[PDB]
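A.B. asks: Have a look at the structure that comes next, please.
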Amino acid sequence: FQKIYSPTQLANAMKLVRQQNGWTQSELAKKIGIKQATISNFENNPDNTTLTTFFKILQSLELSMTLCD
Amino acid sequence: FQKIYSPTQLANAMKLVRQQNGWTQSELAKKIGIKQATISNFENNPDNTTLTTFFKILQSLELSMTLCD
Amino acid sequence: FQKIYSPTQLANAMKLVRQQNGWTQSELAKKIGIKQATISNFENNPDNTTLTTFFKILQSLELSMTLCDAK
Amino acid sequence: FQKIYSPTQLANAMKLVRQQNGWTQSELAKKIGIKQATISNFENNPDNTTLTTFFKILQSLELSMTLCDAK
Amino acid sequence: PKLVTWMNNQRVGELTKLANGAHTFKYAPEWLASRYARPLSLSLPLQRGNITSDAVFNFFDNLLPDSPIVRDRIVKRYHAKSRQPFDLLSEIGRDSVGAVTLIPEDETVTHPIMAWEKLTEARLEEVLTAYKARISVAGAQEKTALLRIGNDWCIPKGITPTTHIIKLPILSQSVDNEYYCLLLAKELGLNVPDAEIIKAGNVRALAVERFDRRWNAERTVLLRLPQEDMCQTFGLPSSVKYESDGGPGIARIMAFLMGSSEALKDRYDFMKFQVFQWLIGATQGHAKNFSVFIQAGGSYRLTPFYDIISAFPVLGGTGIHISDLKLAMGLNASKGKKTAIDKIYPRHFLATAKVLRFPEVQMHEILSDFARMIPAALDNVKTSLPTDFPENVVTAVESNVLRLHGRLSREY
Amino acid sequence: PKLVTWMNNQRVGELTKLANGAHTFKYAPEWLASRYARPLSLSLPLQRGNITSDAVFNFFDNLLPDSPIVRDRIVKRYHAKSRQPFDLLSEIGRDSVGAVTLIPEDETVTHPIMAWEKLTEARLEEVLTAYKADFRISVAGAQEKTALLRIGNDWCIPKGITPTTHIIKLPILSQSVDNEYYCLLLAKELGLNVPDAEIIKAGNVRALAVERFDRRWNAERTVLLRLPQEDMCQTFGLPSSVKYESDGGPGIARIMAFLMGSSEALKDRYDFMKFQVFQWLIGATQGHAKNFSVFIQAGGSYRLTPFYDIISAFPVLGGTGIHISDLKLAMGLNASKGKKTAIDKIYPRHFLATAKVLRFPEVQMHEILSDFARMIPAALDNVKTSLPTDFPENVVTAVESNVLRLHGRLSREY
DNA sequence: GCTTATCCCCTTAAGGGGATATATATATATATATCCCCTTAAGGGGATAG
DNA sequence: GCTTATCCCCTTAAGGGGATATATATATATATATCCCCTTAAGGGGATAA
């Protein structure tokens, strides 16, 4: 949890968690109703994923964001 | 500041911000390097909006995002 | 009929209007609902008569007013 | 035309001499040295208006009035 | 799209319905253009283009029944969008009570301007046996409008006008009730509509004639006549008929009826009906049972009285003793404005008479007349009733009336 | 003219009406500048300038009871000025579903912040008769109803800018209160979130009562408080008109898709579906947009609040005109054939596709579907024996009898 | 006896002086919302490998 | 066996360009409703000089 700025920074950061939480991709996309690959690509190349997915993840992640000055 | 759990929320908010600062939906797209249309597409229906996009906007707003548990 | 240009004529007219029919100032204010001290006063000093008092004065005599191009 | 029956039935036709004749209260009274108030007031409350005044606004409108028959 | 508004084939001014609600009218230049131009409803006088008033809505709203239980079928039988004055006046927004028509800006249609369906008995009845379980009908409770054509009634057609109003059995039996109210009502000099009852098979109903619809000289055309109610006079919604809500009563009506064509005779017939109601026992005389005539240039005369029904037919013998009866509207008094049948004695009307400076003599006369003529009236109506009219309502109402009339001969 | 809306002693903003009768809006900076800020509905989120969209008008419309039945009664009983939304409110600005307070700019005064008057055991049967045929209350919905305060065993009345607590519905059909109670208790027996309802009696009126989750007594107990809430249709900003789907309102689809934004996304959905399967085995044909509300939290957050107005259409079954065959689910289903809604012929197979189309973990639906494959035979007697003797014993043999007919589709499987 | 003008007492206030809160109508600019085009690519099914 | 990265098949729309239509804002004449101050008095009761 710090001051973000890049797409890739959010990706690395999320896995940091999903994994360290024990959870994984295989199941992630199983619950929020998406595709495995999706989380997968998005994970490594999030520069082109969209925000509508950015959130579907935050759900199967018990996590979310907000803006900050 | 304010937790958020959805596409729209994002925008509804970044919108307020823009409005607070009193800038022009135009100088944004220019000051940074993208179209002025998106600037509008994003503030009305940012759903299938580009991820990197977001930052560009964010970055202009003399703002940053953060992950909240 | 004729053209009315002043507050004097305006009433000067209605006056002859109830005389030629045999009506008193105190007998018209009746069938309508105002006094004789008004109808009369009106007659000699119709300049400052409110329109109501105006039209009403009419009701009594069964009259009707309308404009006319001043050409 | 039409037969006038009340102070209001009249105040209605007077609002035609402006919107149709261009003139406005801002000037109708500028020619007869009277206050726009009476005008504005008159337009919505023609009861409190007195005849002498009614005529200043009547003539200043290139219009004259007269009597007819209430049949 | 905006809705238009003609006045029997004339362009008046289309209304500008808007999402937000800011309804804006206008004046079909060809209406203001005619010297005999007459506004829609006094409330909405005669002026230029846009009209920044609210009475606006109000007006277009009163185009529907005051009984709210009736405003909901148009979104059903014709599948409207809503029940607002905009969606509730699109499908059946053609024939409006009075003479004004409403239709969008995309349908300048002219179906058979005239056409009648010579209904049979089973048919006539049919249409009515369905009013329980492009015209407007509402004035008391539940009623429809037809087209009396000769000896047999017939379903209208296209933008064809209605000649009557068929009041369905609502007051365990209103039909024989209002019928009586009238024959006897007009019997005392009151200027009311000559209606006649309607029978078909096993069902019974009420049939009144119009008064804002008339056959020209030669019987070729039947023009609806310009009319309106005392509510759409100072821009009010149907919820204000009585006074417990804030409507025009026997005080305001009076100040206003003064600017009438028949300023004099009208004021009279008024007070008259007033005491009329009292005696006969009518108590449903709310602000909407009064109607003027939208005559050219903007003039107005009292139309023939309507929707009269006394509570006498039902009183005491159920659960509402006589004590329980208050005149539709309120009349001046000593302790505010009394509104009690048994409390409202002659002396009262007199006082309430001088309150407005209404010619006392005249009042005296009225009270007198009724008093005296009343006796005959009843009889003349009793000896002129159908061979089956329910003697109950007959004697019931009849008796009370006399008891009331008693508060006359003993004073005048 | 400028009805200023408030939210629990907080100057939210001003609701102005232009000459032509426009329904605009503008938020007070004071409310902006707070860390808390939240729009009345997501239909009209925060911003720095007069609003103009239709929602500005819609949201306010859902506020006041939908029934024109009542509307006319409004202007009528309260000297209104038009059947327009802004107007009915202009005067009855006191009580309003959701944290709404409408009072002009000529009453900043500290009106009665807390005051009421207990009802007698007779007036409890009188105030009703008064609704059916300062009483500053307004409840939006289906038939004749209003809200009231509750304190211990009393039944006071909200006076001043003071809210209420309970809901009080009336019989319509031959019965309504008897149907509303029956359906609600079984909700707490199937893991559904519903309010606490009872059947307070008052003379000869079997009335209904409900606990408004929008209303909650703070700890201190010294001040009762409302809660900004709205139903789906409102969220977006639509008029009552398009309530039902067949008429152009939001469906199971739009819904779910919007549940994803919930601050509690997966739950609201889970339950939502679960409820859709429930409204099937019972015959809740009334499931529309104005029954599924959402709370409103600072910053734009929201979740799926308890479901209300729930009710089944089984009373007029069997020996009546309308039969279960013609009954149709409020919300549309996805089948192989366009959409299917005919409750009677709706087998899980369909629900299965649905969950499949909205991409809701099939297993998650199963857990829900399977949950109702053995809890009924029991869950029933559990609430069947928790009802007094006075309650009509013909509302149980009708609903249940049929609820076990469609239940066969679940028993012959799991 | 009948018709008519003053006057007393009194409340409301039209109307002139002098002055201000709402109105159609309008032009530099500002401006958030749309269109045909065009295309690189994301989640969607379904699915195998370094 | 399992989590994770690719990969084809495949629909669509976001973003760029350029450009435009629909708002919306600080201006700016010109215009019906008002506001407090203050002076002759008109229309109601009631009455009577002429």
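Cβ: placed from backbone, ideal geometry, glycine included. Neighbour counts: every protein chain shown. Taken together, the values in this text are just the output of simple stated rules run on the coordinates, not laboratory data.
A.B. asks: Given 10 Å bins starting at zero, what is the percent of C-alpha pairs of the range E:216-305 in each, up to the one with the largest pair distance?
C.D. replies: Spelled out bin by bin, the range E:216-305 gives 15, 45, 29, 9, 1 percent.
A.B. asks: Under a Cβ-Cβ cut-off of 11 Å, what is the net charge of the residues other than B:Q2 that fall near it, where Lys and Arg count +1 and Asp and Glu count -1?
C.D. replies: Charge balance in the 11 Å sphere: +3.
A.B. asks: Tell me, what is the FRET efficiency for D:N44 and F:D390 to the nearest 0.05, using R0 = 51 angstrom and their Cβ-Cβ distance as r?
C.D. replies: 0.20
A.B. asks: Could you tell me which of rounded, prolate or oblate describes the range E:314-372, using a ≥ b ≥ c as the square roots of the eigenvalues of the alpha-carbon gyration tensor, with rounded for a/c under 1.5 and, failing that, prolate when a/b is larger than b/c and oblate otherwise?
C.D. replies: In terms of gyration-tensor shape, oblate.
A.B. asks: With a Förster radius of 51 Å, plug the Cβ-Cβ distance of D:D69 and E:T318 into 1/(1 + (r/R0)^6) and report the FRET value to the nearest 0.05.
C.D. replies: Once the sixth-power term is evaluated, E becomes 0.40.
A.B. asks: How about the range F:211-288: which trypsin sites (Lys or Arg not before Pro) there are in a DSSP loop, with at most 13 other Cβ atoms within 10 Å of their Cβ?
C.D. replies: For trypsin sites (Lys or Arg not before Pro) across the range F:211-288 that sit outside H, G, I, E and B with at most 13 neighbouring Cβ atoms in 10 Å, the list reads F:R221.
A.B. asks: For each of E:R77, F:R359, count neighbouring Cβ atoms within 10 Å of the residue's Cβ, then give the residues from fewest to most.
C.D. replies: E:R77, F:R359
A.B. asks: Over 23 Å between Cα atoms: which of E:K2/E:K81; B:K15/B:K56; E:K167/F:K132; A:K31/F:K188; F:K2/F:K118; D:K15/F:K81 fall into that group?
C.D. replies: Long pairs (Cα-Cα over 23 Å): E:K167/F:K132; A:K31/F:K188; F:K2/F:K118; D:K15/F:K81.
A.B. asks: Follow-up. Restricting to Cα atoms and excluding each atom paired with itself, what does the Kirkwood estimate give for chain B in Å?
C.D. replies: That comes to 12.3 Å for chain B.
A.B. asks: Over chain B, what is the relative contact order in percent, taking alpha-carbon pairs closer than 8 angstrom and at least six residues apart?
C.D. replies: The value is 35 percent.
A.B. asks: Between F:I69 and F:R35, with labels modelled 7 Å along Cα→Cβ, what's the label distance in nm to one decimal, could you check?
C.D. replies: 4.7
A.B. asks: How far is the Cα center of the range E:84-160 from the Cα center of the range C:30-44, in Å?
C.D. replies: 51
A.B. asks: Please check which bits of the range F:372-414 a label hung off F:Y347 would reach, taking the label as a point 7 Å along Cα-to-C-beta and the cut-off as backbone N under 15 Å.
C.D. replies: F:406-414
A.B. asks: Sticking with this structure for a sec: Can you give me the C-alpha center-to-center distance between the range E:186-233 and chain B, rounded to a whole angstrom?
C.D. replies: 68
A.B. asks: Moving on. How long are the three semi-axes of the equivalent ellipsoid of chain E, in whole Å, if each is the root of 5 times an eigenvalue of the C-alpha gyration tensor, listed from largest down?
C.D. replies: So the three semi-axes of chain E are 36, 27, 19 Å.
A.B. asks: Taking the Cβ of D:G33 as the center, what net charge do the other residues with Cβ under 13 Å away carry, scoring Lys and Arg +1 and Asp and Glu -1?
C.D. replies: Charge balance near D:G33 sits at +3.
A.B. asks: Ok, one more. What share of Cα pairs, in percent, lie more than 23 angstrom apart in the range F:78-177?
C.D. replies: 31
A.B. asks: Can you pull the one-decimal nm distance between simple spin-label points at F:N9 and F:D326, each 7 Å off the Cα toward Cβ?
C.D. replies: Spacing of the two 7 Å Cα→Cβ label points: 5.5 nm.
A.B. asks: Using only atoms on other chains, find how many Cβ atoms lie within 10 Å of each Cβ of peptide E:267-275 and report the average.
C.D. replies: Mean inter-chain Cβ contacts per residue within 10 Å come to 0.
A.B. asks: I'd like the Kirkwood hydrodynamic radius of the range E:299-412, using the inverse of the mean 1/r over distinct C-alpha pairs, in Å.
C.D. replies: One decimal place: 16.2 Å for the Kirkwood radius.
A.B. asks: May I pose another question? Under 8 Å for C-alpha pairs, at least 6 residues apart: give me the relative contact order for the range F:199-271, rounded to a whole percent.
C.D. replies: 13 percent.
A.B. asks: Please compute the Cα-Cα pair-distance distribution of the range F:4-160 with 10 Å bins starting at 0, giving whole percents from short to long.
C.D. replies: Per 10 Å bin, starting at 0, the Cα pair percentages come out as 9, 36, 35, 16, 4, 0.
A.B. asks: Do any GluC sites (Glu not before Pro) in the range F:292-397 lie in a DSSP loop with no more than 13 other beta carbon atoms within 10 Å, and if so, which?
C.D. replies: F:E393
A.B. asks: Treat each spin label as a single point 7 Å out from the Cα along the C-beta direction, and report the C:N21 to E:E209 distance in nm.
C.D. replies: For C:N21 paired with E:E209, the spin-label model returns 3.2 nm.
A.B. asks: Another one. Neighbouring Cβ atoms within 10 Å as the yardstick, rank F:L327, E:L236 fewest first.
C.D. replies: Ordered by Cβ neighbours within 10 Å, fewest first: F:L327, E:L236.
A.B. asks: Quick one: E:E218, E:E117, fewest Cβ neighbours within 10 Å first, how do they rank?
C.D. replies: So the ranking, lowest neighbour count to highest, is E:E218, E:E117.
A.B. asks: Give the Cα extents of the protein assembly as shown along the principal axes, in whole Å, largest first.
C.D. replies: Sorted largest first, the three principal extents are 114, 75, 63 Å.
A.B. asks: Determine the sum of side-chain charges near D:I4: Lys and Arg each +1, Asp and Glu each -1, restricted to other residues whose C-beta is under 15 angstrom from that of D:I4.
C.D. replies: +3
A.B. asks: Next question. Among the trypsin sites (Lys or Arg not before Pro) in the range F:361-412, which ones are in a DSSP loop with at most 15 other Cβ atoms within 10 Å of the Cβ? Mind listing them?
C.D. replies: Listed in order of number, the matching sites are F:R374, F:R405, F:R412.
A.B. asks: Rounded if a/c is under 1.5, else prolate if a/b beats b/c, else oblate: with a ≥ b ≥ c from the C-alpha gyration tensor eigenvalues square-rooted, which is the range F:182-335?
C.D. replies: Oblate, since a/c reaches 1.5 and b/c is not below a/b.
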